[PDB]
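Okay, here's what each chain looks like letter by letter:
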Amino acid sequence: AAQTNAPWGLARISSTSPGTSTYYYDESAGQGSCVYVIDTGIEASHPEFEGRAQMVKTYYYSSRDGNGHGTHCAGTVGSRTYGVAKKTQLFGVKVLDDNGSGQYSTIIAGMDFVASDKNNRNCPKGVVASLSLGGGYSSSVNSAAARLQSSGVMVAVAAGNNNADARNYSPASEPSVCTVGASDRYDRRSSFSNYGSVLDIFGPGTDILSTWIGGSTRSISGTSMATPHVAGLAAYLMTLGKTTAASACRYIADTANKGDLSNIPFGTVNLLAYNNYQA
(Lines give C-alpha, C1' and ligand atoms only; values in the text may rest on other atoms or scores of the structure.)
Protein backbone atom coordinates (compact mmCIF):
# COMPACT_ATOMS: atom_id res chain seq x y z
CA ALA A 1 0.00 0.00 0.00
CA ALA A 2 1.09 3.60 -0.66
CA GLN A 3 0.03 6.69 1.30
CA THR A 4 0.89 9.79 -0.69
CA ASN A 5 1.82 13.08 1.00
CA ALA A 6 2.54 11.26 4.23
CA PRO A 7 4.29 12.83 7.22
CA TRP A 8 8.02 12.72 6.61
CA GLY A 9 8.61 10.23 9.42
CA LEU A 10 6.27 7.64 7.93
CA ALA A 11 7.92 8.04 4.53
CA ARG A 12 11.32 7.74 6.23
CA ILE A 13 10.55 4.42 7.90
CA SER A 14 9.73 2.80 4.55
CA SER A 15 12.65 4.32 2.63
CA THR A 16 16.32 3.68 1.99
CA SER A 17 16.74 7.47 1.55
CA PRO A 18 15.59 10.69 3.20
CA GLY A 19 13.66 13.26 1.25
CA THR A 20 10.61 11.34 0.04
CA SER A 21 6.97 11.78 1.03
CA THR A 22 5.12 8.51 0.31
CA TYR A 23 4.74 5.83 2.99
CA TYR A 24 4.79 2.22 1.71
CA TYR A 25 3.61 -0.65 3.89
CA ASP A 26 1.95 -4.05 3.78
CA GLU A 27 -1.84 -3.71 3.89
CA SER A 28 -2.07 -6.01 6.93
CA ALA A 29 -1.17 -2.77 8.75
CA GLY A 30 -0.86 -4.24 12.26
CA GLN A 31 -4.31 -5.85 12.19
CA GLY A 32 -4.64 -8.26 15.11
CA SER A 33 -1.94 -6.54 17.19
CA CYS A 34 -2.41 -4.20 20.14
CA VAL A 35 -0.38 -1.20 21.29
CA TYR A 36 -0.68 0.28 24.76
CA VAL A 37 0.13 4.00 24.92
CA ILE A 38 1.16 4.73 28.51
CA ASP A 39 0.92 8.49 28.69
CA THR A 40 -1.54 11.38 29.30
CA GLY A 41 -4.42 9.45 27.70
CA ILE A 42 -5.87 9.23 24.19
CA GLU A 43 -8.73 11.23 22.69
CA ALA A 44 -10.32 8.06 21.35
CA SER A 45 -13.16 10.00 19.68
CA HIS A 46 -10.73 11.58 17.22
CA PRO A 47 -11.89 10.58 13.69
CA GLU A 48 -8.28 9.60 12.93
CA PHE A 49 -8.57 6.57 15.26
CA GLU A 50 -11.64 5.13 13.49
CA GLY A 51 -12.98 3.45 16.63
CA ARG A 52 -9.74 1.48 17.13
CA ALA A 53 -8.66 3.46 20.23
CA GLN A 54 -9.99 3.17 23.77
CA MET A 55 -8.98 4.18 27.27
CA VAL A 56 -8.52 1.16 29.53
CA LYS A 57 -7.07 2.71 32.70
CA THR A 58 -6.52 6.02 34.46
CA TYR A 59 -5.04 6.96 37.84
CA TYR A 60 -6.68 10.42 37.81
CA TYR A 61 -10.17 11.94 37.89
CA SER A 62 -10.62 11.38 34.15
CA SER A 63 -9.30 9.07 31.46
CA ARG A 64 -9.48 11.92 28.96
CA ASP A 65 -6.31 13.39 27.51
CA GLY A 66 -6.39 16.99 28.70
CA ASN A 67 -2.84 17.57 27.45
CA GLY A 68 -2.47 16.26 23.88
CA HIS A 69 0.86 14.46 24.24
CA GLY A 70 -0.66 10.98 24.58
CA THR A 71 -3.04 11.60 21.69
CA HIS A 72 -0.12 12.68 19.50
CA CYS A 73 1.92 9.59 20.36
CA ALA A 74 -1.08 7.30 19.81
CA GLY A 75 -1.61 8.97 16.43
CA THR A 76 1.93 8.11 15.37
CA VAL A 77 1.40 4.48 16.43
CA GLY A 78 -1.90 3.90 14.72
CA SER A 79 -3.95 6.76 13.30
CA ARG A 80 -5.26 6.43 9.74
CA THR A 81 -3.20 9.35 8.38
CA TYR A 82 -0.39 9.83 10.89
CA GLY A 83 0.21 6.25 12.04
CA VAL A 84 2.69 3.50 11.27
CA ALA A 85 0.32 0.57 12.02
CA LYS A 86 -2.98 1.83 10.66
CA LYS A 87 -5.10 -1.17 11.73
CA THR A 88 -3.71 -1.87 15.22
CA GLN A 89 -5.87 -1.62 18.33
CA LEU A 90 -4.80 1.21 20.66
CA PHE A 91 -5.22 1.03 24.45
CA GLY A 92 -4.65 4.13 26.55
CA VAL A 93 -3.25 3.99 30.08
CA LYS A 94 -3.23 7.43 31.72
CA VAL A 95 -0.25 7.52 34.09
CA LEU A 96 0.50 11.21 33.39
CA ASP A 97 -1.73 14.08 34.47
CA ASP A 98 -2.94 16.81 32.15
CA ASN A 99 0.23 18.81 32.77
CA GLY A 100 2.23 15.83 31.49
CA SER A 101 3.61 14.88 34.92
CA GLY A 102 3.40 11.64 36.85
CA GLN A 103 4.85 10.00 39.93
CA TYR A 104 7.13 7.03 39.34
CA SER A 105 4.89 4.93 41.62
CA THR A 106 1.94 5.56 39.28
CA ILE A 107 4.06 4.87 36.19
CA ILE A 108 5.21 1.55 37.71
CA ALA A 109 1.62 0.60 38.53
CA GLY A 110 0.67 1.37 34.94
CA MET A 111 3.37 -0.91 33.54
CA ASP A 112 2.31 -3.78 35.80
CA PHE A 113 -1.28 -3.04 34.77
CA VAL A 114 -0.40 -3.58 31.10
CA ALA A 115 1.44 -6.83 31.82
CA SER A 116 -1.77 -8.23 33.32
CA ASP A 117 -4.37 -6.38 31.24
CA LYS A 118 -3.15 -7.85 27.96
CA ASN A 119 -4.72 -11.11 29.18
CA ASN A 120 -8.08 -9.31 28.99
CA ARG A 121 -7.59 -8.23 25.36
CA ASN A 122 -7.61 -9.92 21.96
CA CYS A 123 -4.17 -9.45 20.42
CA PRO A 124 -3.46 -12.63 18.44
CA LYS A 125 -0.54 -11.04 16.59
CA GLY A 126 1.09 -9.67 19.75
CA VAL A 127 1.29 -6.79 22.19
CA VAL A 128 3.42 -3.63 22.26
CA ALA A 129 3.74 -0.84 24.82
CA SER A 130 4.91 2.67 23.98
CA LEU A 131 6.39 4.74 26.83
CA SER A 132 7.08 8.33 25.76
CA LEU A 133 8.06 9.33 29.28
CA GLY A 134 10.92 9.23 31.74
CA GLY A 135 12.93 10.91 34.46
CA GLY A 136 16.11 10.35 36.42
CA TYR A 137 17.60 6.90 36.99
CA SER A 138 15.43 4.57 39.08
CA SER A 139 16.11 0.86 39.47
CA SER A 140 12.44 0.32 40.36
CA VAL A 141 11.23 2.03 37.17
CA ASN A 142 13.71 0.01 35.10
CA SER A 143 12.60 -3.20 36.81
CA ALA A 144 8.96 -2.47 36.02
CA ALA A 145 9.83 -1.98 32.35
CA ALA A 146 11.84 -5.20 32.45
CA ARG A 147 8.87 -7.09 33.91
CA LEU A 148 6.53 -5.72 31.26
CA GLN A 149 8.93 -6.87 28.54
CA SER A 150 9.45 -10.26 30.23
CA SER A 151 5.67 -10.78 30.33
CA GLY A 152 5.55 -10.85 26.52
CA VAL A 153 5.11 -7.18 25.56
CA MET A 154 7.42 -5.37 23.15
CA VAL A 155 8.38 -2.33 25.26
CA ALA A 156 9.59 0.79 23.43
CA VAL A 157 10.76 3.72 25.57
CA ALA A 158 11.96 7.24 24.82
CA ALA A 159 15.67 7.88 25.24
CA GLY A 160 14.98 11.35 26.64
CA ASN A 161 15.48 14.93 25.47
CA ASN A 162 18.54 16.04 27.45
CA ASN A 163 21.23 15.77 24.74
CA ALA A 164 22.96 13.52 27.27
CA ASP A 165 23.82 9.89 27.89
CA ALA A 166 20.57 7.97 28.46
CA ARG A 167 22.30 5.78 31.09
CA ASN A 168 21.16 8.36 33.68
CA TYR A 169 17.45 8.21 32.83
CA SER A 170 14.64 5.69 33.36
CA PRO A 171 13.14 3.66 31.83
CA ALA A 172 15.56 4.63 29.00
CA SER A 173 18.49 2.94 30.78
CA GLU A 174 16.80 -0.46 31.19
CA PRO A 175 18.82 -2.84 28.97
CA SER A 176 16.03 -5.29 28.16
CA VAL A 177 13.58 -2.80 26.56
CA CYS A 178 13.90 -0.94 23.25
CA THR A 179 15.34 2.54 23.89
CA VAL A 180 14.57 4.98 21.06
CA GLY A 181 16.53 8.09 20.05
CA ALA A 182 15.27 10.79 17.67
CA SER A 183 16.35 11.92 14.19
CA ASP A 184 15.28 14.71 11.83
CA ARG A 185 14.18 14.80 8.20
CA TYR A 186 17.78 15.29 7.01
CA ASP A 187 19.00 12.18 8.85
CA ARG A 188 20.67 14.19 11.61
CA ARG A 189 20.47 13.22 15.26
CA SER A 190 17.80 15.47 16.73
CA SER A 191 19.37 18.34 18.64
CA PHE A 192 17.76 17.26 21.94
CA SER A 193 18.07 13.48 21.56
CA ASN A 194 19.83 11.55 24.26
CA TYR A 195 22.48 9.08 23.13
CA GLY A 196 24.74 6.37 24.54
CA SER A 197 25.27 2.63 24.52
CA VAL A 198 21.81 1.92 25.95
CA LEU A 199 20.07 3.20 22.80
CA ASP A 200 18.87 0.44 20.49
CA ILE A 201 17.47 2.41 17.56
CA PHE A 202 16.58 5.86 16.22
CA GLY A 203 13.26 6.94 14.80
CA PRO A 204 11.81 10.17 13.38
CA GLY A 205 11.44 12.69 16.17
CA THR A 206 11.82 16.27 14.88
CA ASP A 207 8.74 18.06 13.48
CA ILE A 208 6.34 15.11 13.61
CA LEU A 209 2.75 15.76 12.52
CA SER A 210 0.11 13.73 14.36
CA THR A 211 -3.27 13.91 16.10
CA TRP A 212 -4.02 16.36 18.91
CA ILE A 213 -6.90 16.94 21.31
CA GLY A 214 -10.00 18.76 20.18
CA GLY A 215 -10.05 16.68 17.01
CA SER A 216 -7.02 18.57 15.69
CA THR A 217 -3.46 17.94 14.49
CA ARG A 218 -0.08 19.51 15.14
CA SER A 219 3.63 18.98 14.63
CA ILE A 220 5.87 18.62 17.71
CA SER A 221 9.33 17.22 18.44
CA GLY A 222 10.86 14.83 20.93
CA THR A 223 12.08 11.35 21.61
CA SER A 224 8.42 11.01 22.66
CA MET A 225 7.62 11.19 18.93
CA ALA A 226 10.31 8.74 17.83
CA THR A 227 9.20 6.06 20.31
CA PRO A 228 5.71 5.47 18.81
CA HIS A 229 7.23 5.12 15.33
CA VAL A 230 9.17 2.15 16.70
CA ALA A 231 6.20 0.81 18.69
CA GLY A 232 4.00 0.97 15.61
CA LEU A 233 6.73 -0.62 13.50
CA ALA A 234 6.99 -3.50 15.99
CA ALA A 235 3.23 -4.06 15.89
CA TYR A 236 3.32 -4.01 12.08
CA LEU A 237 6.20 -6.51 11.91
CA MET A 238 4.59 -8.80 14.50
CA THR A 239 1.36 -8.87 12.45
CA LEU A 240 3.46 -9.87 9.44
CA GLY A 241 4.90 -12.74 11.51
CA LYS A 242 8.47 -11.55 10.97
CA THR A 243 9.30 -11.21 14.68
CA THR A 244 7.88 -11.55 18.21
CA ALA A 245 7.56 -9.29 21.24
CA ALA A 246 10.72 -10.76 22.77
CA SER A 247 12.79 -10.36 19.59
CA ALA A 248 11.32 -7.30 17.84
CA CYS A 249 13.80 -4.70 19.12
CA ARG A 250 16.71 -6.85 17.96
CA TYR A 251 14.95 -7.52 14.65
CA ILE A 252 14.37 -3.80 14.09
CA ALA A 253 18.06 -3.17 14.79
CA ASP A 254 19.03 -6.08 12.48
CA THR A 255 16.97 -4.65 9.62
CA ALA A 256 17.56 -0.93 10.24
CA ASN A 257 19.11 1.53 7.84
CA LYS A 258 22.73 1.51 9.02
CA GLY A 259 25.27 4.31 9.14
CA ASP A 260 23.01 6.95 7.60
CA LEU A 261 22.60 9.37 10.53
CA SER A 262 24.89 12.31 11.24
CA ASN A 263 26.09 13.58 14.63
CA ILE A 264 25.85 10.14 16.26
CA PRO A 265 28.43 10.10 19.09
CA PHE A 266 31.11 7.44 19.02
CA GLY A 267 29.70 4.42 20.85
CA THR A 268 26.01 5.05 20.03
CA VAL A 269 24.31 2.88 17.41
CA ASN A 270 23.83 4.44 13.98
CA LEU A 271 20.59 2.62 13.17
CA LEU A 272 17.36 4.12 11.81
CA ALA A 273 14.10 2.17 12.01
CA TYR A 274 13.07 0.75 8.63
CA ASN A 275 10.20 -1.55 7.63
CA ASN A 276 12.06 -3.14 4.68
CA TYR A 277 8.76 -3.22 2.79
CA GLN A 278 9.17 -4.02 -0.90
CA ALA A 279 6.08 -2.79 -2.75
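Thresholds applied
- Residues numbered from 1 in each chain as written, not as in the entry; some residues may be left out.
- Heavy atoms only, no water.
- Residues with missing side-chain atoms left out of burial classes, pairs and counts.
- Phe/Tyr/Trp six-rings, centres within 6.5 Å; stacked < 30°, edge-to-face > 60°.
- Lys NZ or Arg CZ within 6 Å of the ring centre and 35° of its normal.
- UniProt positions renumbered as here; feature names shortened; annotations may be inferred.
- Helix = DSSP H or I, 4+ residues; strand = E, 2+ residues; numbered from the N terminus.
- Buried < 20%, exposed > 50% of the residue type's maximum accessible area, 1.4 Å probe, protein only.
- Polar contact = N/O pair within 3.5 Å; in protein donor to acceptor, adjacent residues only side chain to side chain.
- Pairing = 2+ DSSP bridges.

Going by the header, the method for this PDB entry is X-ray crystallography, and the resolution given is 1.07 Å.

Novice: Please clarify how the packing of aromatic side chains should be interpreted in this entry.
Specialist: For any pair of aromatic rings, the description rests on two quantities: the centre-to-centre distance and the angle between the ring planes. The tally for this structure, following the rule as stated, stands at 2 aromatic pairs. The residue whose ring lies beneath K57 is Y59, and the NZ or CZ to ring-centre distance is 4.8 Å. Its guanidinium or amino end placed over the ring of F91, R121 lies 5.4 Å from that ring's centre, counting from NZ or CZ.

Novice: What am I meant to see in the UniProt feature "binding site: Ca(2+) 1" in the protein chain here?
Specialist: Mapped onto this numbering, the UniProt entry gives "binding site: Ca(2+) 1" at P175, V177 and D200. Sequence-wise these annotated residues cover 26 residues; spatially they are packed, their C-alpha atoms never more than 9.1 Å apart. Within the secondary structure layout, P175 lies in the loop between β9 (169–170) and β10 (178–183). On the basis of relative accessibility, which here comes to 64%, the residue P175 falls in the exposed class. For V177, a relative accessible area of 2% corresponds to the buried category.

Novice: How should I be thinking about the side chain of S79 in this particular structure?
Specialist: Secondary-structure assignment places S79 in the loop between α2 (69–78) and β5 (89–94). Given the relative accessible area of 0%, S79 is considered buried. At a separation of 3.0 Å, a polar atom in the side chain of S79 contacts the main-chain amide nitrogen of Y82.

Novice: What am I meant to see in the pairing of strand β13 (residues 216–220) here?
Specialist: Here is the key point about a regular strand: its side chains alternate between the two faces of the sheet. Direction of pairing for strand β12 (residues 208–212) relative to β13: antiparallel, over a ladder of 5 bridges. Along β13, the bridge assignment pairs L209 with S219. Between the end of β12 and the start of β13, which pair antiparallel, lie 3 residues, with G214 showing a positive phi angle near 70°.

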